[PDB]
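Undergrad: Before I ask anything, let me first share the structure, which is written out below as structure tokens.
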Amino acid sequence: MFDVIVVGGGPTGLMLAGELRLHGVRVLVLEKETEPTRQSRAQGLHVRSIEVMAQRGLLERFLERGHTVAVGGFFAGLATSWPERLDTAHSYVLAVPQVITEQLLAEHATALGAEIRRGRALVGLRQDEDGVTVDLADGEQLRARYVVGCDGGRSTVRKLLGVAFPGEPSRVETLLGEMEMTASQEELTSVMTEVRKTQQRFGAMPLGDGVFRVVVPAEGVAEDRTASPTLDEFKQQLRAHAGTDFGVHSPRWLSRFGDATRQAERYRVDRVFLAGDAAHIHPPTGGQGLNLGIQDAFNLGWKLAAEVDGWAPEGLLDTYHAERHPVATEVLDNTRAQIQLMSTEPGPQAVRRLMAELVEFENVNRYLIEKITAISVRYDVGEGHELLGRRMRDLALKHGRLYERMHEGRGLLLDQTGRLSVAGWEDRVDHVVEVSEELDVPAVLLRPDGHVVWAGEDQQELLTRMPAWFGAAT
Ligand SMILES: Cc1cc2nc3c(=O)[nH]c(=O)nc-3n(C[C@H](O)[C@H](O)[C@H](O)COP(=O)(O)OP(=O)(O)OC[C@H]3O[C@@H](n4cnc5c(N)ncnc54)[C@H](O)[C@@H]3O)c2cc1C
Ligand SMILES: [Cl-]
Ligand SMILES: [Cl-]
Ligand SMILES: [Cl-]
Ligand SMILES: [Cl-]
């Protein structure tokens with residue numbers, strides 16, 4: 001038997017898979033696809049995920065196989081400027097194909113001692129009070145204390161629990177594909193930049209592979225939800241929205257995605273959880289899809305490992321739903337807003353012209369970039385300091401950076417005084433004493449995910465909030 005079984009080998013499960021191994025947890029990653037899809041779906045990590053990959057040391061290998069981007073135009077394609085006061089030390093956008101992201105997270109989680117069987121497909125599941133049982137299409141039953149569903153929008157775990165997927169259906173179809181075109185490099189760059197003024201969900205991305213990532217709107221609503229668009233369909237759209245089919249020489253793949261904004265009603269059913277697209281689907285606008293799943297897994301693994309190790313507080317697991325569900329709503333909302341700001345109708349365009357006036361304000365631009373990147377995500381932890389709930393940025397200390405002490409996923413107590421000490425939580429929380437000109441407060445208590453639950457200077461006050469998130473002393 002296992003401690004935790006995850007269902008899904010995407011970036012969400014493999015992040016959860018490694019976040020458990022840090023604490024020694026028997027994890028099994030069940031993945032249906034035998035060969036990982038080369039269909040580059042996403043295109044990179046935003047600021048918070050980059051922060052996340054640094055708190056665990058995986059950032060060096062992400063920058064080797066991607067490149068940084070510091071340009072504006074993420075909110076509804078309102079081309080702007082990258083802000084200059086982002087409250088972070090990783091003020092850029094990383095451009096890594098999801099295939100490489102899946103690869104590095106798997107190679108890391110594998111190297112952390114995590115079974116990942118591919119070709120296994122969960123067909124049924126049921127749970128008692130002592131664990132959860134899992135039936136596969138081949139016939140193997142599996143036992144685990146906790147099962148988490150990280151298996152995409154059409155999640156099988158979600159449907160086997162009765163968790164509803166309420167929201168708005170897909171009403172704006174859009175076509176996408178990686179293909180060559182019979183046109184001069186200048187020919188694309190002069191037409192795209194020209195027509196974009198009216199249609200804002202249209203453009204071309206060369207990724208070096210000689211071929212181009214081209215997205216073009218679609219007419220109507222596809223009923224099949226599984227019918228690949230013919231090249232002729234793809235060509236007619238380019239002509240109807242840009243005037244020239246560009247002559248596609250050949251497609252490597254053609255996809256058709258919608259704008260459905262659904263979100264699971266419950267993130268937890270006793271011993272079964274949901275994370276990633278399995279708990280929330282939404283339009284790709286803003287690049288928050290993959291970043292949302294990584295940070296859901298980054299919210300749960302240390303809580304799930306806190307329970308299997310038998311030191312988690314009472315309602316720790318219940319907060320996974322109570323902290324990550326409001327994030328998906330707000331993200332599902334602005335995607336609804338960004339899609340609206342791209343509508344061709346006279347109304348939406350008028351509101352687009354209005355936002356175009358507002359993003360000229362430095363604080364307004366900073367406010368939206370802080371929202372797409374989710375660096376201003378704040379949990380309700382408890383009354384107190386202005387820092388409670390928010391994540392701590394990479395503070396430059398006397399010796400080294402802050403995100404260098406957080407690799408082993410342990411709770412951190414950054415002290416500037418030397419008169420603090422945890423007694424009875426050494427087994428879970430570390431004690432880092434270092435100076436930082438960036439932290440006006442004397443001390444900060446960080447959860448394994450960087451979110452502050454206490455910031456101050458009194459120890460008797462610290463002795464209150466230590467057990468509420470780290471358990472009773474030894
Ligand atoms: C056109 C398009 C463009 C996108 N662009 C971006 C972007 O620019 N930036 C961004 O951040 N996000 C983007 N996304 C979203 C991104 O693809 C997802 O958010 C990302 O995959 C989330 O991680 P995941 O592991 O939960 O998803 P998934 O890849 O769907 O993980 C599901 C895995 O579990 C497997 N599985 C399914 N059922 C079972 C079962 N019963 N048993 C075992 N295994 C099962 C699946 O086969 C799959 O391998 C885009 C999506 C689309 C469709
Ligand atoms: Cl490693
Ligand atoms: Cl469902
Ligand atoms: Cl006008
Ligand atoms: Cl202005």
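Identifiers in the structure tokens: chain A, B, ... in order shown; residue index from 1 per chain; ligand index from 1 in order shown.
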Need the shell around region 100-113 of chain A: protein/DNA/RNA residues with any atom at most 12 Å away, counting only C-alpha atoms. Skip same-chain ones fewer than 4 positions apart. Format as JSON, numbers by chain?
TA: {"A": [8, 9, 10, 11, 12, 13, 14, 15, 16, 17, 18, 19, 20, 21, 22, 23, 24, 25, 26, 27, 28, 29, 31, 35, 36, 37, 38, 39, 40, 41, 42, 43, 44, 45, 49, 50, 53, 56, 57, 58, 59, 60, 61, 62, 63, 64, 65, 66, 94, 95, 96, 117, 118, 290, 291, 294, 408]}
Undergrad: Write as an NGL selection string the residues around ligand 3, taking 10 Å as the cut-off and counting only C-alpha atoms and all ligand atoms.
TA: :A and (153-166 or 262-264 or 278-279)
Undergrad: Can you work out which residues are within 9 Å of ligand 5, considering only C-alpha atoms and all ligand atoms, and then hand them over as a PyMOL selection string?
TA: chain A and resi 356-361
Undergrad: Would you mind exporting the chosen residues as a PDB file, in the first residue's frame, restricted to C-alpha atoms?
TA:
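Output file part27.pdb is given in full below:
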```
ATOM      1  CA  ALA A 356      -6.141  51.247 -22.353  1.00  0.00           C
ATOM      2  CA  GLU A 357      -6.421  54.678 -20.738  1.00  0.00           C
ATOM      3  CA  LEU A 358      -6.120  53.174 -17.250  1.00  0.00           C
ATOM      4  CA  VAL A 359      -3.156  50.817 -17.764  1.00  0.00           C
ATOM      5  CA  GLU A 360      -1.169  53.971 -18.527  1.00  0.00           C
ATOM      6  CA  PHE A 361      -1.211  54.531 -14.757  1.00  0.00           C
TER       7      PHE A 361
END
```
Undergrad: Compile the contact shell of region 455-469 of chain A as a PyMOL selection string: residues with an atom at most 8 Å away, counting only C-alpha atoms, same-chain residues fewer than 3 positions apart removed.
TA: chain A and resi 312-313+316+385+387-388+420-421+441-445+447+452+472-473
Undergrad: Next, dump the selected residues to file, keeping only N, CA, C and O atoms, as a compact mmCIF listing (two decimals), in the first residue's frame.
TA:
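As written to disk, selection_0.txt reads:
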```txt
# COMPACT_ATOMS: atom_id res chain seq x y z
N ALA A 312 0.07 17.37 11.87
CA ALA A 312 -0.78 18.44 11.37
C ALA A 312 -1.81 18.85 12.42
O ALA A 312 -2.32 18.02 13.17
N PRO A 313 -2.11 20.15 12.50
CA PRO A 313 -3.24 20.61 13.31
C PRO A 313 -4.56 20.04 12.81
O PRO A 313 -4.64 19.43 11.75
N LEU A 316 -6.07 21.67 9.37
CA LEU A 316 -5.08 22.05 8.36
C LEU A 316 -5.53 21.67 6.96
O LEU A 316 -5.50 22.51 6.04
N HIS A 385 -0.46 41.28 11.78
CA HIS A 385 0.45 42.13 11.02
C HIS A 385 -0.05 42.31 9.58
O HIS A 385 -0.85 41.53 9.07
N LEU A 387 1.65 41.75 7.11
CA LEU A 387 2.31 40.73 6.31
C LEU A 387 1.63 39.37 6.39
O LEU A 387 2.01 38.47 5.63
N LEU A 388 0.65 39.20 7.27
CA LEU A 388 0.03 37.90 7.46
C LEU A 388 -0.72 37.46 6.21
O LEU A 388 -1.42 38.25 5.58
N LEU A 420 14.94 34.83 19.77
CA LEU A 420 13.76 34.01 19.49
C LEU A 420 14.32 32.59 19.49
O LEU A 420 15.52 32.40 19.27
N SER A 421 13.47 31.60 19.73
CA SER A 421 13.82 30.21 19.46
C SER A 421 12.57 29.35 19.60
O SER A 421 11.67 29.65 20.39
N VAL A 441 10.37 44.52 9.72
CA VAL A 441 9.93 43.90 10.96
C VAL A 441 11.06 43.03 11.52
O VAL A 441 11.91 42.56 10.76
N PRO A 442 11.10 42.80 12.84
CA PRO A 442 12.22 42.02 13.39
C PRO A 442 12.20 40.55 12.98
O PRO A 442 13.25 40.00 12.63
N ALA A 443 11.04 39.90 13.02
CA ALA A 443 10.96 38.47 12.75
C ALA A 443 9.73 38.17 11.92
O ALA A 443 8.73 38.89 11.95
N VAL A 444 9.82 37.08 11.16
CA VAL A 444 8.73 36.59 10.33
C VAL A 444 8.70 35.07 10.43
O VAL A 444 9.74 34.42 10.30
N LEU A 445 7.52 34.50 10.68
CA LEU A 445 7.32 33.06 10.65
C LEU A 445 6.65 32.67 9.34
O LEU A 445 5.55 33.15 9.03
N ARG A 447 5.29 29.67 6.60
CA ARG A 447 4.87 28.31 6.34
C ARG A 447 5.75 27.72 5.24
O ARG A 447 6.48 28.45 4.57
N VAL A 452 3.11 34.06 5.35
CA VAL A 452 3.40 34.49 6.71
C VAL A 452 2.20 34.21 7.61
O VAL A 452 1.06 34.56 7.26
N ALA A 472 1.41 20.67 17.89
CA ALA A 472 1.84 20.75 19.28
C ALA A 472 3.32 20.38 19.41
O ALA A 472 3.86 19.60 18.62
N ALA A 473 3.97 20.96 20.42
CA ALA A 473 5.39 20.75 20.62
C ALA A 473 5.67 19.32 21.08
O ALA A 473 4.77 18.53 21.37
```
Undergrad: Could you find all residues in region 72-311 of chain A that DSSP calls alpha helix (DSSP H) from the backbone, and write them as a ChimeraX atom specification?
TA: /A:98-111,156-159,185-195,231-242,289-308
Undergrad: From the set A:204, A:427, A:322, A:407, which residue has the shortest atom-to-atom contact distance to ligand 2, counting only C-alpha atoms and all ligand atoms?
TA: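 Of the candidates, the smallest distance to ligand 2 is held by A:407.
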